[PDB]
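**Student:** I am sharing input_33.json, which consists of JSON, C-alpha atoms and all ligand atoms:
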```
[["chain", "number", "residue", "atom", "x", "y", "z"],
["S", 1, "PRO", "CA", -63.92, -64.51, 73.95],
["S", 2, "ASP", "CA", -67.19, -65.30, 72.17],
["S", 3, "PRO", "CA", -66.73, -68.48, 69.96],
["S", 4, "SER", "CA", -69.70, -67.56, 67.75],
["S", 5, "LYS", "CA", -68.05, -64.47, 66.29],
["S", 6, "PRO", "CA", -65.88, -64.26, 63.07],
["S", 7, "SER", "CA", -63.23, -62.81, 65.37],
["S", 8, "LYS", "CA", -63.11, -64.26, 68.85],
["S", 9, "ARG", "CA", -63.59, -61.11, 70.87],
["S", 10, "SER", "CA", -65.51, -60.74, 74.11],
["S", 11, "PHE", "CA", -68.86, -59.03, 74.42],
["S", 12, "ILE", "CA", -67.24, -56.00, 76.00],
["S", 13, "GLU", "CA", -64.52, -55.79, 73.39],
["S", 14, "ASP", "CA", -67.15, -55.67, 70.66],
["S", 15, "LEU", "CA", -68.69, -52.70, 72.45],
["S", 16, "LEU", "CA", -65.37, -50.90, 72.44],
["S", 17, "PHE", "CA", -64.80, -51.52, 68.73],
["S", 18, "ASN", "CA", -68.26, -50.25, 67.89],
["S", 19, "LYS", "CA", -67.68, -46.90, 69.62],
["S", 20, "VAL", "CA", -64.32, -45.73, 68.29],
["S", 21, "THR", "CA", -64.41, -44.78, 64.56],
["S", 22, "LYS", "CA", -55.56, -40.14, 49.15],
["S", 23, "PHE", "CA", -53.76, -40.04, 45.74],
["A", 1, "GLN", "CA", -66.93, -28.13, 33.07],
["A", 2, "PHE", "CA", -64.47, -29.44, 35.63],
["A", 3, "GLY", "CA", -64.80, -31.02, 39.06],
["A", 4, "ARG", "CA", -62.26, -30.79, 41.87],
["A", 5, "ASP", "CA", -61.00, -32.73, 44.87],
["A", 6, "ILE", "CA", -59.86, -31.48, 48.30],
["A", 7, "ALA", "CA", -56.30, -31.03, 47.01],
["A", 8, "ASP", "CA", -57.68, -28.83, 44.17],
["A", 9, "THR", "CA", -56.74, -31.56, 41.73],
["A", 10, "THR", "CA", -59.12, -32.54, 38.98],
["A", 11, "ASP", "CA", -61.72, -35.07, 40.12],
["A", 12, "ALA", "CA", -63.73, -35.41, 36.92],
["A", 13, "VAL", "CA", -64.13, -33.70, 33.57],
["A", 14, "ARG", "CA", -66.79, -33.11, 30.97],
["A", 15, "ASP", "CA", -65.68, -34.31, 27.56],
["A", 16, "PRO", "CA", -65.69, -31.14, 25.34],
["A", 17, "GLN", "CA", -66.92, -32.96, 22.22],
["A", 18, "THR", "CA", -69.53, -35.23, 23.78],
["A", 19, "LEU", "CA", -71.04, -33.90, 26.96],
["A", 20, "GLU", "CA", -70.55, -36.86, 29.29],
["A", 21, "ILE", "CA", -68.72, -36.94, 32.61],
["A", 22, "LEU", "CA", -65.55, -38.91, 33.06],
["A", 23, "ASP", "CA", -64.05, -39.72, 36.44],
["A", 24, "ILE", "CA", -60.31, -39.44, 36.76],
["A", 25, "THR", "CA", -58.62, -42.01, 38.94],
["A", 26, "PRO", "CA", -54.81, -41.63, 39.16],
["A", 27, "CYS", "CA", -52.96, -44.69, 37.81],
["A", 28, "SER", "CA", -52.07, -47.39, 40.40],
["A", 29, "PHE", "CA", -49.10, -46.67, 42.59],
["A", 30, "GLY", "CA", -47.63, -47.56, 45.95],
["A", 31, "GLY", "CA", -44.44, -47.92, 47.93],
["A", 32, "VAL", "CA", -42.11, -50.77, 47.10],
["A", 33, "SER", "CA", -40.35, -52.60, 49.87],
["A", 34, "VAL", "CA", -37.65, -55.19, 49.65],
["A", 35, "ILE", "CA", -37.65, -58.06, 52.07],
["A", 36, "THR", "CA", -34.25, -59.51, 52.50],
["A", 37, "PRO", "CA", -32.13, -61.72, 54.76],
["A", 38, "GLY", "CA", -28.86, -60.00, 55.33],
["A", 39, "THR", "CA", -26.49, -60.06, 52.34],
["A", 40, "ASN", "CA", -24.05, -62.01, 54.59],
["A", 41, "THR", "CA", -26.56, -64.95, 54.19],
["A", 42, "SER", "CA", -28.17, -64.54, 50.78],
["A", 43, "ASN", "CA", -28.70, -62.19, 47.85],
["A", 44, "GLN", "CA", -32.22, -63.50, 47.29],
["A", 45, "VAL", "CA", -34.98, -60.99, 47.94],
["A", 46, "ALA", "CA", -38.77, -60.77, 47.94],
["A", 47, "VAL", "CA", -40.63, -57.66, 46.86],
["A", 48, "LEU", "CA", -43.68, -56.18, 48.46],
["S", 101, "LIG", "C1", -68.56, -32.91, 18.12],
["S", 101, "LIG", "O1", -68.98, -33.61, 16.91],
["S", 101, "LIG", "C2", -70.35, -34.18, 17.01],
["S", 101, "LIG", "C3", -70.62, -34.95, 15.72],
["S", 101, "LIG", "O2", -69.95, -36.20, 15.72],
["S", 101, "LIG", "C4", -71.37, -33.04, 17.25],
["S", 101, "LIG", "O3", -72.69, -33.57, 17.38],
["S", 101, "LIG", "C5", -70.99, -32.28, 18.55],
["S", 101, "LIG", "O4", -71.92, -31.21, 18.77],
["S", 101, "LIG", "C6", -69.55, -31.71, 18.40],
["S", 101, "LIG", "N1", -69.18, -31.06, 19.67],
["S", 101, "LIG", "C7", -68.88, -29.77, 19.80],
["S", 101, "LIG", "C8", -68.52, -29.28, 21.17],
["S", 101, "LIG", "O5", -68.91, -29.00, 18.83],
["S", 102, "LIG", "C1", -20.05, -62.45, 57.06],
["S", 102, "LIG", "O1", -19.23, -62.60, 55.86],
["S", 102, "LIG", "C2", -17.78, -62.56, 56.13],
["S", 102, "LIG", "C3", -17.06, -62.66, 54.79],
["S", 102, "LIG", "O2", -16.94, -61.39, 54.17],
["S", 102, "LIG", "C4", -17.40, -63.72, 57.10],
["S", 102, "LIG", "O3", -16.01, -63.67, 57.41],
["S", 102, "LIG", "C5", -18.23, -63.58, 58.41],
["S", 102, "LIG", "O4", -17.91, -64.66, 59.30],
["S", 102, "LIG", "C6", -19.74, -63.63, 58.06],
["S", 102, "LIG", "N1", -20.56, -63.45, 59.28],
["S", 102, "LIG", "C7", -21.74, -64.05, 59.48],
["S", 102, "LIG", "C8", -22.44, -63.76, 60.77],
["S", 102, "LIG", "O5", -22.24, -64.79, 58.63]]
```
How does the structure come out when it is put into structure tokens?
**Tutor:**
Amino acid sequence: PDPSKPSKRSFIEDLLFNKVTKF
Amino acid sequence: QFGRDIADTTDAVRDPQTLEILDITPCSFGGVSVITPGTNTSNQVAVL
């Protein structure tokens, strides 16, 4: 985990989250 | 004169007296859930 983030995720986890994307 | 959404429902309309466009947003709704301890303990509930 990266302590500087708003959500303590690791560098690699951030990469994963940035790749996968009524009435 | 009329706009439509994916469901073919009305999205917006042009007012027939004054030619301005009005958006139509369906009135607030949602599911209602009841949070409860079993009735063998209490009849008090919370509502979500
Ligand atoms: C509705 O009435 C207004 C006057 O208040 C007029 O200017 C307007 O053209 C009328 N609209 C239609 C569609 O006849
Ligand atoms: C549930 O209520 C009954 C009374 O109708 C009582 O006899 C039983 O012991 C209760 N069980 C629990 C787990 O509270």
**Student:** When the cut-off is 8 Å and you count only C-alpha atoms and all ligand atoms, which residues lie near ligand LIG 101 (chain S), shown as number ranges by chain?
**Tutor:** A: 16-19
**Student:** Please identify all protein, DNA and RNA residues within 9 Å of ligand LIG 102 (chain S), counting all atoms listed in the file, and report them as number ranges by chain.
**Tutor:** A: 38-41
**Student:** As an exercise, work out the distance from atom CA of residue 12 of chain A to atom CA of residue 24 of chain A in Å and give it to one decimal place.
**Tutor:**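 Taking atom CA of residue 12 of chain A as the start and atom CA of residue 24 of chain A as the end point, the length is 5.3 Å.
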**Student:** Please compute the atom CA of residue 11 of chain A-atom CA of residue 25 of chain A distance, one decimal, in Å.
**Tutor:** 7.7 Å
**Student:** Counting only C-alpha atoms, I want the residues whose atoms come within 6 Å of (-39.3, -52.7, 48.0) in the file frame, returned as a list in words.
**Tutor:**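 Every polymer residue passing the test: residues 32, 33, 34, 47 and 48 of chain A.
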**Student:** Pull out every residue of chain A sitting within 12 Å of chain S, counting all atoms listed in the file, and send them as a list in words.
**Tutor:**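 The complete set of qualifying residues is residues 5, 6, 7, 8, 9, 10, 11, 24, 25, 26, 27, 28, 29 and 30 of chain A.
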**Student:** What gap, in Å, lies between atom CA of residue 1 of chain A and atom CA of residue 15 of chain A?
**Tutor:**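 Going from atom CA of residue 1 of chain A over to atom CA of residue 15 of chain A, I get 8.4 Å.
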**Student:** Would you mind exporting segment 8-22 of chain S with N, CA, C and O atoms, as a PDB file, in the first residue's frame?
**Tutor:**
```pdb
ATOM      1  N   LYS S   8      -5.528   3.568   0.354  1.00  0.00           N
ATOM      2  CA  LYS S   8      -4.212   2.966   0.465  1.00  0.00           C
ATOM      3  C   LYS S   8      -4.050   1.722  -0.382  1.00  0.00           C
ATOM      4  O   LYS S   8      -4.068   0.599   0.118  1.00  0.00           O
ATOM      5  N   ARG S   9      -3.877   1.943  -1.673  1.00  0.00           N
ATOM      6  CA  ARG S   9      -3.667   0.881  -2.635  1.00  0.00           C
ATOM      7  C   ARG S   9      -2.219   0.921  -3.065  1.00  0.00           C
ATOM      8  O   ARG S   9      -1.558   1.945  -2.930  1.00  0.00           O
ATOM      9  N   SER S  10      -1.718  -0.186  -3.565  1.00  0.00           N
ATOM     10  CA  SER S  10      -0.356  -0.259  -4.064  1.00  0.00           C
ATOM     11  C   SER S  10      -0.230   0.365  -5.431  1.00  0.00           C
ATOM     12  O   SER S  10      -1.233   0.627  -6.093  1.00  0.00           O
ATOM     13  N   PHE S  11       0.999   0.585  -5.875  1.00  0.00           N
ATOM     14  CA  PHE S  11       1.218   1.139  -7.201  1.00  0.00           C
ATOM     15  C   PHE S  11       0.572   0.253  -8.253  1.00  0.00           C
ATOM     16  O   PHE S  11      -0.158   0.732  -9.119  1.00  0.00           O
ATOM     17  N   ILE S  12       0.826  -1.048  -8.177  1.00  0.00           N
ATOM     18  CA  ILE S  12       0.243  -1.953  -9.149  1.00  0.00           C
ATOM     19  C   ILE S  12      -1.271  -1.970  -9.093  1.00  0.00           C
ATOM     20  O   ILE S  12      -1.917  -1.955 -10.139  1.00  0.00           O
ATOM     21  N   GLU S  13      -1.861  -1.964  -7.913  1.00  0.00           N
ATOM     22  CA  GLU S  13      -3.312  -1.940  -7.872  1.00  0.00           C
ATOM     23  C   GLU S  13      -3.866  -0.709  -8.571  1.00  0.00           C
ATOM     24  O   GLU S  13      -4.802  -0.822  -9.358  1.00  0.00           O
ATOM     25  N   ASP S  14      -3.245   0.452  -8.387  1.00  0.00           N
ATOM     26  CA  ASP S  14      -3.739   1.625  -9.098  1.00  0.00           C
ATOM     27  C   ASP S  14      -3.728   1.403 -10.602  1.00  0.00           C
ATOM     28  O   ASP S  14      -4.638   1.847 -11.304  1.00  0.00           O
ATOM     29  N   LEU S  15      -2.725   0.693 -11.106  1.00  0.00           N
ATOM     30  CA  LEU S  15      -2.662   0.447 -12.536  1.00  0.00           C
ATOM     31  C   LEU S  15      -3.845  -0.385 -12.975  1.00  0.00           C
ATOM     32  O   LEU S  15      -4.388  -0.183 -14.053  1.00  0.00           O
ATOM     33  N   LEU S  16      -4.238  -1.339 -12.143  1.00  0.00           N
ATOM     34  CA  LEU S  16      -5.319  -2.244 -12.504  1.00  0.00           C
ATOM     35  C   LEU S  16      -6.645  -1.489 -12.542  1.00  0.00           C
ATOM     36  O   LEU S  16      -7.445  -1.643 -13.468  1.00  0.00           O
ATOM     37  N   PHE S  17      -6.835  -0.611 -11.573  1.00  0.00           N
ATOM     38  CA  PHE S  17      -8.060   0.174 -11.475  1.00  0.00           C
ATOM     39  C   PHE S  17      -8.177   1.201 -12.578  1.00  0.00           C
ATOM     40  O   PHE S  17      -9.280   1.590 -12.954  1.00  0.00           O
ATOM     41  N   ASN S  18      -7.053   1.624 -13.132  1.00  0.00           N
ATOM     42  CA  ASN S  18      -7.079   2.592 -14.205  1.00  0.00           C
ATOM     43  C   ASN S  18      -7.214   1.952 -15.586  1.00  0.00           C
ATOM     44  O   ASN S  18      -7.231   2.661 -16.590  1.00  0.00           O
ATOM     45  N   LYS S  19      -7.306   0.620 -15.656  1.00  0.00           N
ATOM     46  CA  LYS S  19      -7.452  -0.032 -16.953  1.00  0.00           C
ATOM     47  C   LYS S  19      -8.839  -0.618 -17.174  1.00  0.00           C
ATOM     48  O   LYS S  19      -9.327  -0.629 -18.301  1.00  0.00           O
ATOM     49  N   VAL S  20      -9.479  -1.095 -16.118  1.00  0.00           N
ATOM     50  CA  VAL S  20     -10.832  -1.629 -16.272  1.00  0.00           C
ATOM     51  C   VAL S  20     -11.846  -0.511 -16.027  1.00  0.00           C
ATOM     52  O   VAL S  20     -11.777   0.159 -14.995  1.00  0.00           O
ATOM     53  N   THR S  21     -12.779  -0.311 -16.979  1.00  0.00           N
ATOM     54  CA  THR S  21     -13.793   0.747 -16.933  1.00  0.00           C
ATOM     55  C   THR S  21     -15.204   0.141 -16.874  1.00  0.00           C
ATOM     56  O   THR S  21     -16.051   0.573 -16.083  1.00  0.00           O
ATOM     57  N   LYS S  22     -31.927   2.984 -16.161  1.00  0.00           N
ATOM     58  CA  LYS S  22     -31.751   4.393 -15.847  1.00  0.00           C
ATOM     59  C   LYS S  22     -32.916   4.852 -14.945  1.00  0.00           C
ATOM     60  O   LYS S  22     -32.782   4.872 -13.717  1.00  0.00           O
TER      61      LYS S  22
END
```
